[PDB]
Every structure is written in C-alpha cells, then in structure tokens.
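Residue numbers (the entry's author numbering), protein chains in the order written: chain T, 1 to 48, 61 to 205; chain O, 615 to 655, 673 to 788; chain 0, 7 to 79, 103 to 140, 155 to 310; chain 2, 55 to 136, 155 to 187; chain 3, 29 to 60, 69 to 102, 107 to 119, 136 to 178. Note that CB positions come from ideal geometry on N, CA and C, so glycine has one too. Here's the structure, in structure tokens; my notes come after.
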Ligand SMILES: [Zn+2]
C-alpha cells in the first residue's frame with residue numbers, strides 16, 4: 001500500500017504508441033531504472061448500475077470489484093468463478109475488456125509501470141503509473157512524486173488525483189490505485205477515436 | 615521626505631550664503647542649550680613581508696650590483712634542498728608599486744646552456760612562466776623555479 | 007504572554023530612538039556646514055547628513071506606529110526575591126553553558156545496574172511528551188527492554204536497550220510487519236527499502252553521538268528529540284541542494300543539534 | 055488603559071512632529087531673510103522652542119506609559135510563575169526566606185574561599 | 029613523590045572547574069522539603085570546593101618549594137633495581153592479562169551459545 005499516481009501519457013501528436021513507449025522506457029533506462037519483470041492490468045465491466065472487475069499483476073491472488081462511486085471489494089481469484097456462476101443476473105458485457113501490458117522498472121523505491129492500453133487488438137493510449145513504496149499517507153509524499161514525474165515526464169506532468177483530494181491523514185490503500193485505473197480506462201474508452 | 619520636507623526645502627534653499635551657519639546658530643542653539651544643557655564636557676615593506684615568509688629552501692638576497700634604495704629592486708636568490716640539485720642563482724627585478732603588477736625574471740640564456748639538464752630546467756621554467764596568472768607574486772616565481780627543477784630532475788630520470 | 011513583553015520593550019527602544027534622532031537632527035543643524043576641503047564635497051556632506059538624519063526620524067516614527075498596530079494588553106521583599114531569582118536562574122544558565130562547553134576533565138580516574160521499574164518510569168516520562176510518538180515497552184528477553192516507537196504514519200523504530208542505555212535501533216516503515224510469526228518483536232530484520240536502511244544507519248550514528256558518560260536520561264530524551272524530527276520526511280527539502288531527491292532518496296539526514304534535513308551525500 | 059493611552063499619544067506625536075518641522079522651517083527662513091538682505095513680515099512667527107519641548111514632553115509621556123505597562127506585564131508573568157490568604161502569606165514568607173537562604177549561602181561561601 | 033604531586037595539582041584544577049559547573053547547574057534548577073535538600077547540596081558543594089582550594093594552595097607550595109634547566113632545552117630535536141621491579145610487575149600482569157583474556161573469551165562464547173540456542177527454540 002504505497003502511494004501511487006496513475007496518468008495518461010498523450011499520443012505525442014506523431015509516430016506509434018510503441019515509439020512513445022520506447023521513448024519513455026529509454027528515458028527510464030537513462031535515469032537508472034532496472035527492469036524487474038512485466039505487468040498486466042485487466043478490467044471488465046459487468047451490468048444487470062455498472063460494476064468493474066479488475067486484476068493487477070502486483071497482487072496476483074487478488075481481484076478487485078469496483079462499484080464506480082460505491083465501495084470496493086478485494087477478494088481472492090475465485091470471485092471470477094462467481095461471476096461465471098452468476099451469468100444471468102450479471103451479464104459479461106463483452107467488447108469492453110481492457111488491458112495494459114508493459115515492463116515494470118524499479119529505481120530506488122520508485123516503481124514505474126508504462127503500459128499500452130489495448131482494447132481488443134488496437135492499442136489506444138499510454139498508461140503511466142508511479143508508485144512510491146515507503147510513504148503510506150497520500151498528499152504528504154506528493155511533492156516527491158511530482159519531482160520524479162517532472163524529472164522524466166517533463167511536460168504532461170499530472171497533478172493530484174482526487175483519491176488524494178480527500179484531505180485527511182487517511183492511509184492510502186490498494187483500492188485507490190484500481191480506482192485511478194478505472195477512471196483512466198473510462199477516459200480512454202470515451203477518448204476512443 | 616514625509617513630515618520633514620519644509621526643513622529640507624528651507625536648508626536647500628539657503629546653501630551658499632556665507633551667513634548660513636550664523637542663521638542656523640541663531641535659530642537653533644538657544645533652544646538646544648536651554649533643553650540639553652551646555653555643550654560637551673627604503674625597500675617597500677611588501678617585499679620584506681614576502682621575504683620574511685619564504686621557505687628556508689630559498690636564500691633571497693639583494694644584488695651587490697644594480698641601483699639600490701630607488702624605485703625598482705633587484706634580487707639574487709639561491710636554492711638549498713638535499714632533494715634538488717645546485718642550479719644557476721636566478722635574477723629578479725621587482726618593480727616599484729610591486730602588487731597590482733608582475734615582477735620580471737632577468738633571463739640569462741648563456742648559463743642555462745652547456746648542459747642538457749639546465750636546458751630542461753630552462754624550458755620547463757619558461758613553460759610554467761607562460762602558464763602563470765597575471766600579477767603574480769615573487770613567491771610564485773620562486774615556486775615555479777623549484778617545481779621546474781623538480782620536473783627536470785624527474786624527466787631526466 | 008511573552009510577545010507583549012517583547013513588543014513593549016521594542017516600542018520603548020523605538021521611543022528612545024525617535025527622541026534621540028530628532029535631537030540629532032537639530033544638533034547637526036546647530037553646528038552648520040563643516041569645511042571638508044572641496045566646496046562641492048562640503049555641500050555634499052552636509053546635505054547627506056541632514057537627509058540621513060531626517061530618514062532615521064521617519065523610520066523611527068514608522069516603527070513606533072507599527073508597534074502601535076501590533077500592541078496588545103514588605104510586598105517589595107517578595108518582588109526583590111523574584112527579580113533576584115530570575116537573575117540567578119539566567120546567570121546560572123549562561124555560566125553552565127559556557128562551562129560545560131569547555132571542560133578540562135581528561136579522565137574519570139584520579140591519583155549500569157538499575158531496577159527495571161526505573162527504566163519504565165523514565166521511558167513513560169518521555170512518552171508523555173511528544174504526543175505524536177507512542178512508545179510501547181516490552182521485555183521478551185530478560186531485563187533488556189525493547190521499545191517500539193511509532194512515529195506518525197511514518198516510522199516504526201525498534202529500540203533495543205541494555206540497562207537503560209540505547210544499544211541497537213532498527214527503523215522500518217509504517218505498513219512493514221515488525222512482528223514475527225509468533226507476535227514477538229522482530230529484533231533482527233531490515234526494511235526492504237533504501238530509505239529506511241539509511242535511517243537505520245543514521246540512527247546508529249545518533250546513538251553513537253549522543254553519549255553522556257553517566258546520566259542516561261538526557262541521552263534517551265535527546266535521542267527521542269532527534270527522532271521526532273523525522274516526522275517531516277517526504278516533505279522537507281534538502282538545505283544544500285534545494286531538491287527533494289538525490290538518486291531517488293529523500294533527505295535522510297536530520298543533523299544533530301540543529302535538526303535540518305540533508306541528503307547524506309550533501310553531508 | 056496603557057495600550058489605549060498609547061493609541062491616544064501616537065497622533066499627538068505625529069502632530070507635534072509636523073508642527074516642530076514646519077515651525078523650524080519658518081524660523082529658519084525668517085532668520086535667513088534677516089541675515090541675507092531681504093524683506094520679510096514679522097507676523098505670528100510662533101516660537102520654535104516651545105514646540106521642541108512639547109515634543110519632548112510627549113515622548114516622556116509615551117516612555118512613561120510603556121515602562122509602566124512593561125513592568126506590569128513582566129510582574130504578572132513572574133507572579134503567575136510563582155486560596156486562604158494566610159496560606160498565601162505562608163508561601164510568600166517561605167519564598168522570601170528561601171531566596172534569602174540561597175543568597176546567604178552563596179555570599180558566605182564565596183567569602184569563605186578567601187577573606 | 030613530587031612528580032605525582034604535580035599530577036594531584038593538575039587534578040585539583042580539573043576538579044575545581046567541574047565543581048563550579050555542577051554548582052551553576054544546581055543554581056539553574058533551584059525553583060524558589070526539596071528546597072532544603074537543594075540547600076544542603078549547595079552548601080556541601082561549596083564546602084568541598086573550599087577544601088579543594090586549600091588543598092591546591094598546599095600542593096602549589098609543595099611543588100614550588102622543590107629550576108636549573110629552563111624549558112625548551114628539554115625537547116629532543118633531530119640534529136637500576138627499580139627497572140627490574142618494573143620488569144617483574146610487567147611480567148606479572150602480562151600473565152594476569154592473558155588469563156583474564158581466557159576468562160573473557162569463555163564468557164563471550166557462553167553468552168553467544170545461550171543466545172543462539174534460545175533464539176532457535178521459537
Ligand atoms: Zn541535498
């Protein structure tokens with residue numbers, strides 16, 4: 001449960017999504033980040061209100077059920093089986109499977125995951141996720157994340173997701189990352205083009 | 615400025631009158647003396680400083696020859712050091728107004744011939760002289776001389 | 007409150023300054039123009055002095071007005110003893126500071156045993172102050188007390204004492220499990236992150252640094268005072284380079300005696 | 055009261071400064087117009103010295119009020135630093169005697185060192 | 029004898045300054069029964085300090101009674137039964153120190169074994 005920040009890297013106005021991904025991972029290989037594996041994020045929507065089922069690679073035994081403004085469930089992987097057991101009350105709502113695939117770089121307690129958002133065959137955007145391991149309280153280490161994002165994003169540097177905006181000493185949780193991913197995926201689905 | 619301007623206008627209007635301080639006295643001394651009571655109840676020494684602080688390697692003395700007790704001064708130094716070899720004495724011409732300018736090394740090419748080793752001393756010394764910053768001291772010249780002797784010992788062997 | 011004391015003493019000196027500056031204006035005008043070689047030079051000197059004196063009067067008046075904006079609102106034997114007590118206390122504070130900075134003691138020689160109840164009283168006394176630090180003593184192995192000092196949502200420090208004198212410290216992050224499988228303290232672990240291993244190293248230098256020979260209460264109190272300054276991790280920038288991050292590290296060095304943030308590479 | 059007396063005395067102080075500077079300028083201009091050859095009206099010249107001492111009287115009132123208030127507030131601070157009235161007198165004679173004891177201990181032993 | 033009197037005289041000056049520092053700390057803490073206890077501590081410290089001053093004047097007079109060689113002639117620039141007593145006591149506590157090292161090593165090893173064996177039981 002370290003503080004994370006998820007953002008959309010824009011298209012760059014030219015070239016492929018793969019070339020901009022090559023640019024970002026090249027900058028990361030400059031700064032001293034090392035590859036430590038790959039990562040995948042899956043999101044599907046289920047309807048009778062909409063519910064989302066999401067899977068991270070980082071929490072491989074967990075599945076997250078996101079009710080868009082309601083509460084989040086975290087459960088083990090057998091939750092997927094329950095949806096197949098539901099199957100009449102909650103239809104699968106196909107042509108809305110969405111994934112991000114990429115490599116995860118670690119640079120001194122910073123985890124940077126740069127993925128290509130792929131609705132079916134076509135890749136339609138770049139997701140960038142930066143997790144800061146040690147900090148556990150949102151909006152306190154935010155300036156650290158801002159300097160790291162200003163170091164390698166440069167321009168298009170995001171600012172302050174609304175999950176931070178609940179201004180307390182609230183401990184950040186793993187549900188907030190999947191909330192940010194769900195907001196990003198909805199923005200990319202509405203972006204479409 | 616504010617709250618003080620008309621005094622400033624009066625006094626700046628009335629400067630260059632020869633009776634000015636008379637006017638100030640007549641207008642100000644009785645008030646103050648009533649309130650406050652009555653009034654109240673050969674060689675330039677920069678070179679001596681350099682020579683007094685030199686390392687005991689160098690043995691700087693004045694030339695018996697040359698003009699003395701006048702503008703510029705002239706020095707014949709020496710070098711004593713077990714590590715370094717005996718070398719030609721070196722002649723320096725320190726100008727008057729010594730700081731803010733650089734002293735001059737009186738060149739004697741003829742004694743720096745007749746050996747390969749003294750030739751290497753001389754070449755290396757002219758090199759470090761070209762490398763020097765401007766308005767250097769005497770001790771910069773003497774230390775480039777000692778470093779030149781050391782490099783010419785090392786380059787030879 | 008003390009701010010009214012300081013503002014009143016300030017404005018006292020402001021009135022004295024205003025009065026003396028007005029009298030200085032009129033005294034320098036009494037003497038008249040001096041001689042000063044060059045005629046242009048004497049005119050310049052007189053004009054400059056008069057202008058400076060007038061400006062000083064204006065500044066003093068402005069300062070008095072600013073203090074006005076900021077101001078807020103047998104028996105003699107007792108007051109004499111009160112004044113003499115405050116005088117002796119301040120005198121003794123200054124003389125004690127000057128003398129313990131320069132001691133001439135070279136060796137203790139000329140010509155540890157404590158009840159654990161005393162340790163618990165001392166550490167509870169430290170835990171009563173610093174309301175953001177909670178210290179939880181336990182003794183799993185004998186008389187050597189082990190302390191969990193949690194610190195905000197930032198740190199969990201495991202301090203291993205030995206007869207009321209700090210011996211070892213391990214700094215771990217907030218979420219990190221400091222407990223073993225059996226729920227005892229994990230006295231021997233590291234913290235999976237670069238930052239908290241750096242802070243363990245700095246804490247070991249802190250316990251090597253704050254060493255009085257005999258009295259250990261000042262040692263533990265000063266160590267907790269230094270440790271309290273780490274609550275502004277991830278928020279304080281370095282006081283040498285300005286930035287937050289050098290090689291992906293926050294400024295992990297809170298300097299002793301002036302608790303300022305530095306990256307340890309910036310010493 | 056001392057804060058409010060201070061607020062009373064501030065604009066009077068600015069008024070006295072204004073009158074003092076203007077009257078100084080008037081008297082100086084009149085004396086230069088006599089000293090240099092110039093005509094000038096005699097008029098209501100309004101002497102300088104009264105304005106100067108008036109300014110000094112206002113500064114005395116200000117410093118008086120502020121020294122009083124500062125003594126009062128420092129007094130209250132050390133009084134709070136240190155419920156039947158005989159209990160008050162008991163702890164007061166206790167404090168006076170204790171401070172006397174510290175003072176005589178220091179004096180007697182600093183004299184016991186030499187002389 | 030006298031060359032230990034110099035050591036005692038140095039130690040007295042080192043103690044006087046430390047004792048004045050402790051006196052100033054006592055005067056720092058004194059807040060207007070523990071009143072009387074601080075009074076007793078202050079008076080006793082002042083008594084011991086006056087004793088130290090008298091002892092210091094004694095040691096000064098003794099060493100100043102008992107010089108033909110000026111200093112700076114004493115520094116080396118570049119260019136009998138008591139010795140046997142010293143060698144005897146040196147050999148004696150050489151053996152004593154080696155036996156103390158063996159005792160200390162066995163205690164260290166026993167402590168390490170106890171901690172290892174008790175650490176593994178959980
Ligand atoms: Zn730094």
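N-terminal and C-terminal residue of the beta strand (DSSP E) that residue i is part of
| i | result |
| --- | --- |
| residue 2 (chain 0) | Look at the range of chain 0 in this structure, 7 to 310, and you will see that residue 2 (chain 0) is not part of it. |
| residue 123 (chain T) | 122 to 131 |
| residue 4 (chain T) | 3 to 9 |
| residue 79 (chain T) | 74 to 79 |
| residue 131 (chain 2) | Residue 131 (chain 2) -> not in any beta strand (DSSP E); alpha helix (DSSP H) instead, spanning 102 to 135. |
| residue 142 (chain T) | 134 to 144 |
| residue 177 (chain 0) | 176 to 181 |
Alpha-carbon to alpha-carbon, residue j and residue i
| i | j | result |
| --- | --- | --- |
| residue 78 (chain 0) | residue 121 (chain 2) | 15 Å |
| residue 185 (chain T) | residue 66 (chain T) | 15 Å |
| residue 34 (chain 0) | residue 92 (chain 2) | 26 Å |
| residue 166 (chain 2) | residue 58 (chain 2) | 38 Å |
| residue 41 (chain 0) | residue 771 (chain O) | 47 Å |
| residue 114 (chain T) | residue 139 (chain T) | 9 Å |
| residue 628 (chain O) | residue 22 (chain 0) | 31 Å |
| residue 706 (chain O) | residue 681 (chain O) | 13 Å |
| residue 156 (chain 2) | residue 109 (chain 0) | 24 Å |
| residue 51 (chain 0) | residue 57 (chain 0) | 10 Å |
| residue 112 (chain 3) | residue 119 (chain 3) | 15 Å |
Continuous alpha helix (DSSP H) stretch holding residue i: start and end
| i | result |
| --- | --- |
| residue 96 (chain T) | 91 to 98 |
| residue 160 (chain 2) | 157 to 185 |
| residue 71 (chain 3) | 70 to 101 |
| residue 754 (chain O) | 747 to 761 |
| residue 236 (chain 0) | Here residue 236 (chain 0) belongs to no alpha helix (DSSP H), and DSSP marks it neither H nor E. |
| residue 104 (chain 0) | 104 to 130 |
| residue 154 (chain T) | 154 to 164 |
| residue 187 (chain T) | 186 to 203 |
| residue 623 (chain O) | 619 to 627 |
Beta-carbon neighbours of residue i, restricted to chain 0 and to distances below 8 Å
| i | result |
| --- | --- |
| residue 74 (chain T) | In chain order: nothing, as chain 0 lies at least about 16 Å away. |
| residue 176 (chain 3) | Going along chain 0, no residue has its Cβ under 8 Å from residue 176 (chain 3), so there is no contact; the nearest lies around 13 Å. |
Distance cut-off 8 Å: residue i Cβ against heavy atoms of ligand 1
| i | result |
| --- | --- |
| residue 241 (chain 0) | no |
| residue 283 (chain 0) | yes |
| residue 126 (chain 2) | no |
| residue 301 (chain 0) | no |
| residue 257 (chain 0) | no |
| residue 275 (chain 0) | no |
| residue 245 (chain 0) | no |
| residue 227 (chain 0) | no |
| residue 289 (chain 0) | yes |
| residue 120 (chain T) | no |
| residue 305 (chain 0) | yes |
| residue 308 (chain 0) | yes |
| residue 150 (chain 3) | no |
| residue 294 (chain 0) | yes |
| residue 766 (chain O) | no |
Contact belief for residue i with residue j at Cβ below 8 Å, rounded distance in angstroms
| i | j | result |
| --- | --- | --- |
| residue 45 (chain 3) | residue 132 (chain 0) | 7 Å |
| residue 150 (chain T) | residue 3 (chain T) | 5 Å |
| residue 147 (chain 0) | residue 180 (chain 0) | Coordinates for residue 147 (chain 0) are lacking, as chain 0 steps from 140 to 155 with nothing built in between. |
| residue 116 (chain 2) | residue 11 (chain 0) | With a Cβ gap of about 18 Å, residue 116 (chain 2) and residue 11 (chain 0) do not count as contacting. |
| residue 28 (chain 0) | residue 618 (chain O) | Residue 28 (chain 0) to residue 618 (chain O), Cβ: 10 Å. No contact. |
Proximal residues of chain 3, C-beta to C-beta of residue i below 9 Å
| i | result |
| --- | --- |
| residue 72 (chain 0) | Result: empty, since nearest Cβ-Cβ is about 36 Å, beyond 9 Å. |
| residue 233 (chain 0) | Neighbours of residue 233 (chain 0) on chain 3: none; closest Cβ ~17 Å, over 9 Å. |
Under 8 Å by beta carbon: chain 2 residues contacting residue i
| i | result |
| --- | --- |
| residue 79 (chain 3) | 177, 181 |
| residue 86 (chain 3) | 181, 184, 185 |
Under 8 Å by beta carbon: chain 3 residues contacting residue i
| i | result |
| --- | --- |
| residue 171 (chain 2) | 60 |
| residue 167 (chain 2) | 60 |
Chain O residues whose Cβ lies nearer than 7 Å to that of residue i
| i | result |
| --- | --- |
| residue 63 (chain 0) | 618 |
Contact test: residue i Cβ vs ligand 2 heavy atom, cutoff 8 Å
| i | result |
| --- | --- |
| residue 160 (chain T) | In terms of ligand content, the structure shown lacks ligand 2 and carries ligand 1 instead. |
Chain-ordered chain 0 contacts of residue i [CB-CB under 9 Å]
| i | result |
| --- | --- |
| residue 643 (chain O) | 36 |
| residue 117 (chain 2) | 18, 21, 22, 25 |
Per-residue contacts from residue i into chain O (C-beta, under 9 Å)
| i | result |
| --- | --- |
| residue 78 (chain 2) | 620, 621, 624, 641, 642 |
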